[PDB]
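S.K.: Here it is: the structure, laid out below.
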């Protein structure tokens, strides 16, 4: 493979613990991955995803020159380092062992993935839900005792646009803490918002830094990925091993009417 | 298929004659197709061909953002029209029948294909041999009694660059007529040029409008095509049928040292 | 093996492309390898080739002390470096990929091999054809319009020495360019030389820097090699891999009458 893990000085048992540490944390942290449908990964050789056609400028001499449009995939590699003594301890069955570097790498990777999915990157050509939306942003009240007003406004905007199915709400953890100081510790406000969302859930996204409402009916956007996050190898030292988390992905919004930003 | 030929008012026998008229003429006229190697066609869904990677501008937060590079394919559609009475005559076994419109369409399509392959298009992103070459152009003498000097100069330039195998010469038909008025009707000059080319042939390309020398060792450039030239259907009239010649292709020069332009 | 390729971070597909790049270029560049017969390689453990005996100085006490003579083999290692991203691209089927470092390493290795075979090294004990010859050098004319005179002189020298079979001519590429500016682009002079060589060919050797004529009858000299040129491994970096081209060889001229130098 291109992730030469056989050439790494890490034992098989420690490989299992590294991979498991990488999986659980990624599933927990991933928020935008749960609001955008993701087709099964193509594999390394995907390269790009084919969009529609496009007439060139000059179709002269009675010929046609429809040029194809393609969106190339981006690859995100996050290197991290693990000590050789820590990896060695897993064979003597050390119990107090921890994998903080893997968690840090997962946090970095998921942060950049979610920022691109929810908002956009504009450097790889990816445009997120919060930027492709055609609806005007729903201004949120400053008090936070009336966020239900903004949620209802977004729900009304989607309803009068033929958006169907449960509306999901994505917020930041900062707004989470700000809501835990409202009335009965934000239990009543959150309950009211859960009713307004037409059966949808409220998702707290640590990686997100913007609020938006997205329909969960599916088919409005897709996440095309060639390689799920994977642990590779770069080099090793006398007392250190260097790995990386590798993932190739790209986000395409087909129907920009299903998402409205709250800001 | 996407070339709905079953919905066309042309008979099966006339389909054979149209297709054969399209094939022979294209094989004759195609010149750049014989100097650039062509892999077997991918089919409609190719979309694009994957090139190497490319580091983005800002790789911040200790992450990598290697963006893929892809060259999208171009599609060339050349519509043409054939009379219903002509198509009808093929069942009564008319002998004086002719297919001039198909030849005209083939000429138009091959002209644009060869101009892109040999020189370039710059609108679909395709760069031809004559433009990707790094060698300085070999100035041709005005007399044409010394074109052997320019050919020898190009042969020397390729030889001292480790270019190997027979060197092919591509000229225009205008230079053909200009050479038929030199000494013994250009039989001696052409013979001398055939020796200088290290066993290669001299190709007269009606579609070409520039002179160049290209090595035939292979592997220096490739022609990626999804759909070979094919006859489709658009509509029919009370006494007319409209078809088109469709071909999706793209040219990539890997080693620009194997071609030198003479101008 | 001693070329630990299993410990290299290069993929199997990229191994094939590296090896093929190393083979083709070496076969093209190798010139002295085509004029000196080469027995099938002994393998690593050859060490040396056994020559005849040699009486020591003092054979006292009515004893004999015939000491053996052996020529030890030399080993030529040429390291080169390849980027990890380039090797990685071969799995995504990148088409614009190139292997310039392998070509540079092959050129360096073949240059030193051919200089030793044709002329000599004098540091590994190897003596080449151009230095073991007993015939006086055939002075070449400065005009190059009379190189046929020197070739005929060498042919006469070999003929009156019982040298048999086709005489091959090895020249430098500098003389090649100098000959392409003589009469009809050196086509006539080269043709005349081809006749003088008694059916032998004219070989242009980029690695060679001296002119000589060698009989191709065979058996006059041999090239003893233990390991054909092979790609090994030294180390790898976070974004780089270091390999080398390894070849152990030695040249012995048995009959110095079959080669004459032109200088």
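The values are calculated or read from the model by the stated rules, or taken from the named source; these are not laboratory values. As a convention, Cβ positions derive from the backbone with ideal geometry for all residues, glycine included, and neighbour counts pool all protein chains shown.
S.K.: Which one is farthest from residue A:43 (Cα to Cα) among residues in region C:91-109 that are outside any helix (DSSP H, G or I) and more than 10 Å from chain B (Cβ to nearest Cβ)?
M.R.: Once the filter is applied, the top-ranked residue is C:99.
S.K.: Please go through (1) surrounded by 13 or more Cβ atoms within 10 Å (Cβ to Cβ); (2) part of a loop (DSSP other than H, G, I, E, B); (3) more than 22 Å from the chain's Cα centre (by Cα); (4) within 14 Å of chain B (Cβ to nearest Cβ) for residue A:7 and return the number of the only condition it doesn't satisfy.
M.R.: The failed condition is (4).
S.K.: Let me ask something else. Going by the structure shown, is residue A:25 more than 9 Å from chain B (Cβ to nearest Cβ), outside any strand (DSSP E or B) and either in contact (Cβ under 8 Å) with a residue 24 or more places away in the chain or touching a helix residue (DSSP H, G or I) at 6+ places or on another chain (Cβ under 9 Å) (or both)? Walk me through how you get there before you give the answer.
M.R.: Numbers: more than 9 Å from chain B (Cβ to nearest Cβ): yes; outside any strand (DSSP E or B): yes; either in contact (Cβ under 8 Å) with a residue 24 or more places away in the chain or touching a helix residue (DSSP H, G or I) at 6+ places or on another chain (Cβ under 9 Å) (or both): yes.
Yes, satisfied.
S.K.: Of these, C:193, C:223, C:175, C:197, which one is closer than 14 Å to residue C:35 by Cβ and not assigned by CATH to the domain that holds residue C:1? Explain how you work it out, then say what you get.
M.R.: Working: C:193 fails: closer than 14 Å to residue C:35 by Cβ; C:223 fails: not assigned by CATH to the domain that holds residue C:1; C:175 fails: closer than 14 Å to residue C:35 by Cβ.
Exactly one of C:193, C:223, C:175, C:197 is closer than 14 Å to residue C:35 by Cβ and not assigned by CATH to the domain that holds residue C:1, namely C:197.
S.K.: Of everything in region A:162-171 that's surrounded by 17 or more Cβ atoms within 10 Å (Cβ to Cβ) and over 12 Å from residue A:147 (Cβ atoms), which residue is farthest from the chain's Cα centre (by Cα)?
M.R.: Per the criteria, the residue is A:163.
S.K.: Only residues in region C:146-169 that are without any contact (Cβ under 8 Å) to a residue 24 or more places away in the chain count as the first member; pair them with residues that are exposed (fewer than 14 other Cβ atoms within 10 Å of the Cβ) and in a loop (DSSP other than H, G, I, E, B), Cβ under 8 angstrom, at least 6 apart or cross-chain, and list the lot.
M.R.: Between residues of region C:146-169 that are without any contact (Cβ under 8 Å) to a residue 24 or more places away in the chain and residues that are exposed (fewer than 14 other Cβ atoms within 10 Å of the Cβ) and in a loop (DSSP other than H, G, I, E, B), the close pairs are C:149/C:141.
S.K.: Could I ask something else about it? Among the residues of region C:88-106, which ones are farther than 20 Å from residue B:70 by Cβ and surrounded by 15 or more Cβ atoms within 10 Å (Cβ to Cβ)? Even if it seems obvious, please write down each step before you answer.
M.R.: Taking region C:88-106 as the starting set, the residues that turn out to be farther than 20 Å from residue B:70 by Cβ are C:99-106.
Hits for region C:88-106 are C:99, C:101, C:102, C:103, C:105, C:106.
S.K.: Which one of these is more than 23 Å from residue C:246 (Cβ to Cβ) and assigned by CATH to the domain that holds residue C:249: C:112, C:56, C:45? So that I can check it myself, show each step before the final result.
M.R.: Numbers: C:112 fails: more than 23 Å from residue C:246 (Cβ to Cβ); C:45 fails: more than 23 Å from residue C:246 (Cβ to Cβ).
Just one listed residue meets the conditions, C:56.
S.K.: Given the structure, is residue B:161 outside the structural domain of residue B:40 (by CATH) and either on the phi > 0 side of the Ramachandran plot or touching a strand residue (DSSP E or B) at 6+ places or on another chain (Cβ under 8 Å) (or both)?
M.R.: Considered against the rule, which asks whether it is outside the structural domain of residue B:40 (by CATH) and either on the phi > 0 side of the Ramachandran plot or touching a strand residue (DSSP E or B) at 6+ places or on another chain (Cβ under 8 Å) (or both), residue B:161 comes out as no.
S.K.: Next up: Can you work out which of the residues in region B:28-61 that are part of a helix (DSSP H, G or I) and surrounded by 13 or more Cβ atoms within 10 Å (Cβ to Cβ) is farthest from the other protein chains (Cβ to nearest Cβ)? It would help to see each step written out before you state the result.
M.R.: Kept after step one, since they are part of a helix (DSSP H, G or I), are these residues of region B:28-61: B:28-29, B:32-34, B:44-46.
This time we only want the ones that are surrounded by 13 or more Cβ atoms within 10 Å (Cβ to Cβ), so: B:29, B:32-34, B:44, B:46.
Details: B:29: 15, B:32: 17, B:33: 17, B:34: 21, B:44: 10, B:46: 9 Å.
Among those residues, the one meeting the criterion is B:34.
S.K.: Can you pull out the residues in region C:212-242 that are surrounded by 15 or more Cβ atoms within 10 Å (Cβ to Cβ) and closer than 30 Å to residue C:160 by Cβ?
M.R.: Across region C:212-242, the qualifying residues are C:212, C:213, C:214, C:215, C:216, C:220, C:221, C:222, C:223.
S.K.: Might you check whether a residue that is in contact with a strand residue (DSSP E or B) (Cβ under 8 Å, 6 or more places away or on another chain), exposed (fewer than 15 other Cβ atoms within 10 Å of the Cβ) and either farther than 30 Å from residue A:68 by Cα or in contact (Cβ under 8 Å) with a residue 40 or more places away in the chain (or both) occurs anywhere in region B:177-193?
M.R.: No, the conditions are met nowhere in region B:177-193.
S.K.: Name the residues in region B:110-161 that are surrounded by 18 or more Cβ atoms within 10 Å (Cβ to Cβ) and assigned to a loop (DSSP other than H, G, I, E, B), would you?
M.R.: Correct list: B:119, B:121, B:124, B:126, B:128, B:133, B:140.
S.K.: Looking at (1) in a helix (DSSP H, G or I); (2) within 14 Å of chain C (Cβ to nearest Cβ), which is the one condition that is false for residue B:174?
M.R.: Among (1) in a helix (DSSP H, G or I); (2) within 14 Å of chain C (Cβ to nearest Cβ), the lone unmet condition for residue B:174 is (2).
S.K.: Which condition does residue A:138 not pass, out of (1) in contact with a strand residue (DSSP E or B) (Cβ under 7 Å, 6 or more places away or on another chain); (2) within 14 Å of chain B (Cβ to nearest Cβ), if it passes all the others?
M.R.: With respect to (1) in contact with a strand residue (DSSP E or B) (Cβ under 7 Å, 6 or more places away or on another chain); (2) within 14 Å of chain B (Cβ to nearest Cβ), residue A:138 is out only on (2).
S.K.: Take residue A:71 and decide whether it is out of contact with any helix residue (DSSP H, G or I) (no Cβ under 6 Å at 6 or more places or on another chain), in contact (Cβ under 8 Å) with a residue 60 or more places away in the chain and within 14 Å of chain B (Cβ to nearest Cβ).
M.R.: Yes: the conditions hold for residue A:71.
S.K.: For region B:214-235, which residues satisfy the criterion of being within 15 Å of residue B:255 (Cβ to Cβ) and away from chain C (no Cβ under 14 Å)?
M.R.: Matches in region B:214-235: B:214, B:216.
S.K.: What is the one condition in (1) touching a helix residue (DSSP H, G or I) at 6+ places or on another chain (Cβ under 9 Å); (2) more than 14 Å from chain A (Cβ to nearest Cβ); (3) within 28 Å of residue B:208 (Cα to Cα) that residue B:79 does not satisfy?
M.R.: Checking residue B:79 against (1) touching a helix residue (DSSP H, G or I) at 6+ places or on another chain (Cβ under 9 Å); (2) more than 14 Å from chain A (Cβ to nearest Cβ); (3) within 28 Å of residue B:208 (Cα to Cα), the one that fails is (2).
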